[PDB]
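Coming up is one lone chain in C-alpha cells, specifically the form deposited in one PDB entry.
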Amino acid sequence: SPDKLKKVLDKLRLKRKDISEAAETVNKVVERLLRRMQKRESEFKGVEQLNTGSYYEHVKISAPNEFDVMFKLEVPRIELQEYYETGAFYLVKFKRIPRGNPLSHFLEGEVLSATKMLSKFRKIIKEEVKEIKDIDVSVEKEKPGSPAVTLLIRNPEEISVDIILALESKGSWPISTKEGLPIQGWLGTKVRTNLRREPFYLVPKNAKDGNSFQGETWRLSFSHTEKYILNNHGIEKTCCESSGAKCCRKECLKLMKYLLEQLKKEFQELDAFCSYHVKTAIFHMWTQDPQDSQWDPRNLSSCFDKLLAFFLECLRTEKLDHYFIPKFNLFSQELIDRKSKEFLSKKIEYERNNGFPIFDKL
C-alpha cells in the first residue's frame, strides 16, 4: 500500500477539482477586464496578464476562493536605484525619454510614486468593472497597507481576486542578481543566459522602516522565471515528459508547502513564513542535487526528508538567500524573529518524528 505522503499528494491533487469552476470564472472576469483596459485610452492601455502558473506548486498559500493575478505593464527607460543594500527594495527613476515620459504625472520628484500610479490603476479598474453586466464584479474597499486591487466576484458565492500591478523592464537584470540564478551545474549555462535576457518585474511593496519613501518602493519579481524553472526542472530535457522519466521534484515542493500551510493554520506564531520560503529552499536543493536520479519517485520519502533537513538548517543558521538576489536574506533577524524560527523548527521536528500527524486532518 501507498504511504501517507503519496496519499497526501493524491488528496492535494484532488483539491484542484473543487476550485476548478471558480478558477474558470476568475479567468473569464480577468480576461474581460484586460480587454476593457486595453480598449481604453490611459497609461495602462498596454496592460497584460503575466502568466505565473496556477497549479499548487506555483501559487501562494490561499483560501480556496482566493486568487492572485499579476498585471504587467511595460515601462521603457527605467533607471533603477537600489533602496536596500540587499536588493530587497528599489526606487524607480527614469533615463532621458525625448518623446516624453508617459508616466510623468505619476512622478514624485525624480521617483515613480506607486501611491499615485496605484491610485489611478484602482480608479480605472473600478470604472471598467462597473461595466461588466452579466456577472457581478465589484472592487473591495481599499485596505490601507495593501497594494492589491481586489475584485469581489459573486456568482453567487464570493470569490476574491487580488490584482497586482507589475512594472516590466526589458533592461539587463539589476546588479544585485549578478550571482543569482546559480543553475550552471543543473539547467546549465545556455539556459541561464537565455533566462537572463528576459524582462524582470517590479511590484510595489512598502518597507517597514519609517515615513521616507513610503509608497515609492518596489521589489523585484521573477515569477516568470520561476514558472519556467518549475516546469523545466530536470538536468535531462525529457524529465517528466512522455518519452522521459518522472522525478519527485514538484511532489517534494507540494508536500513541504502543504506542511507549512497546515502548520500556519494551527499556529499563528508562524505568520511571517510563506510558500515563497519553501520554493526558495527547494530551488537551492535542486541546485545542490542536480541529477534527476537524485529525485527518483521511488525515493519520495527520503527526498522529502532531505528537503526538511535543509529547511531546518536554514532556520537554525537564520539564513535563506533569495535565489535570484543572493544578499537578500529572507530569514534575517529583522524579517523573522529568532523565536519564530525556533518555534517552526520545533514544529517541523515534531511532525517529522511522528509520521506527520498534521497531514491527518481534512
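Basically, rigid core = biggest C-alpha set you can superpose within 1.5 Å across the two forms. Throughout, we count residues from 1 along the sequence that is shown.
Only in words, not in the display: the form deposited with a small molecule bound, which the text now covers.
Stretch 271-279 is the contacting one of 76-84, 176-184, 271-279, 107-115, since its residues have non-hydrogen atoms within 4.5 Å of the small molecule in the deposited bound form.
Listed residues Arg298, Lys60, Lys319, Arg35 were compared with the small molecule in the deposited bound form; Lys60 is the one with a heavy atom within 4.5 Å. In terms of contact with the small molecule in the deposited bound form, the residue from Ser119, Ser138, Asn101, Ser223 that brings a heavy atom within 4.5 Å is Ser223. Residue contact check for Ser54: one or more of its heavy atoms lie within 4.5 Å of the small molecule in the deposited bound form. Heavy atoms of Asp68 reach within 4.5 Å of the small molecule in the deposited bound form, making it an interface residue.
Under a 4.5 angstroms non-hydrogen atom cutoff, the small molecule in the deposited bound form lacks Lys250 among its neighbouring residues. Taking the partner from the other structure, the small molecule in the deposited bound form has no heavy atom within 4.5 Å of any heavy atom of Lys72. Summarising the superposition on the core between the shown form and the other one, the listed residues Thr150, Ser113, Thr287, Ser223 contain exactly one with a Cα shift of 2 Å or larger, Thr150. Superposition of the core reveals a Cα shift of less than 2 Å for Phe304 between the shown form and the other one. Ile135: CA moves 2 Å or more between the shown form and the other one after rigid-core fitting. Relative to the superposed rigid core, the position of the CA of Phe67 differs between the shown form and the other one by 2 Å or more. An increase of at least 3 Å in the separation of the C-alpha atoms of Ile61 and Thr177 is found in the deposited bound form, compared with the displayed form. If you compare C-alpha positions, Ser160 and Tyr276 are 3 angstroms or more closer together in the deposited bound form than in the form on display.
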